[PDB]
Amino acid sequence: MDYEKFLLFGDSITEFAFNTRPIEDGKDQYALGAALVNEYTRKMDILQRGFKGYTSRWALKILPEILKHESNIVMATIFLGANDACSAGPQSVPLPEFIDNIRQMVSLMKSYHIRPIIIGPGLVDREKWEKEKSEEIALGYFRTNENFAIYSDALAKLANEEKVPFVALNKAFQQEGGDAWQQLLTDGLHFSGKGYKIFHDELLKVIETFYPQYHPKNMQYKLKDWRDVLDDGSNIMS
């Protein structure tokens, strides 16, 4: 009964990934983490390591601690940049350091034989975000789609160089055209259920392409189907 682990590593978008009630409307929404645990049930444990407001610099400090303690991680997402790409302020991390920080994470994961997946920033509803975060905007701490695209492009390049999959959420979020993308966000930065569903489906696509043995449809469903269990339970594990 040792399960392989799938690590989700990142910021608030990873920390918030299991909440079906992101708004106080009572109503339930799709949650990436919930879907992952469900589809990987009796297949792989989902290990959530998301830290709201964190950057690639701070995340780099914590990653070795995670990898030292946890056993049998076989695959992991890295999703940072929604904070790093802020134009100024304490969460800003310049592009060369950002890329090097992510590269170090990929290298460290590879050193544990962990299969990395890089996730790029999604879109920002700037009109909405800047209303709610007016105090930050007054200080000049902008989150723009232009800068998020710069960071996404650099992550695509890094992913290619390190030969790992990249999930381009900024493009995926644009899939229906028009103004449809605005529904993929709750507060203009964090993801709604609809946003998490696109994230999930694109994530699973790169898993099938790069790491098919760890796609839910190819993994062994652990232990006997109940209909096949002997009365005494002697065959459950073999």
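Don't overthink the numbering: it's just position in the shown sequence, from 1.
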(request) Going by the average Cα B-factor in the PDB entry, point out whether 54 to 62 or 29 to 37 comes out higher. (result) 54 to 62
(message) Mean CA temperature factor from the deposited coordinates, higher in 213 to 221 or in 10 to 18?
(response) 213 to 221
(message) Can you tell me which of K205, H190, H69, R49 has the maximum CA B-factor listed in the PDB entry?
(response) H69
(request) For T77, return the chain-relative third of its C-alpha B-factor as stated in the PDB record: lowest, middle or highest. (result) lowest
(request) Among all modelled residues of this chain, ranked by Cα B factor, put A159 in the bottom, middle or top third, i.e. lowest, middle or highest. (result) highest
(message) Per the entry's values, where does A180 land by CA temperature factor relative to the rest of its chain, in the lowest, middle or highest third?
(response) highest
(message) Per the entry's values, where does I99 land by CA temperature factor relative to the rest of its chain, in the lowest, middle or highest third?
(response) middle
(message) Using the temperature factors of the C-alpha atoms in this entry, rank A168 within its chain: lowest, middle or highest third.
(response) middle
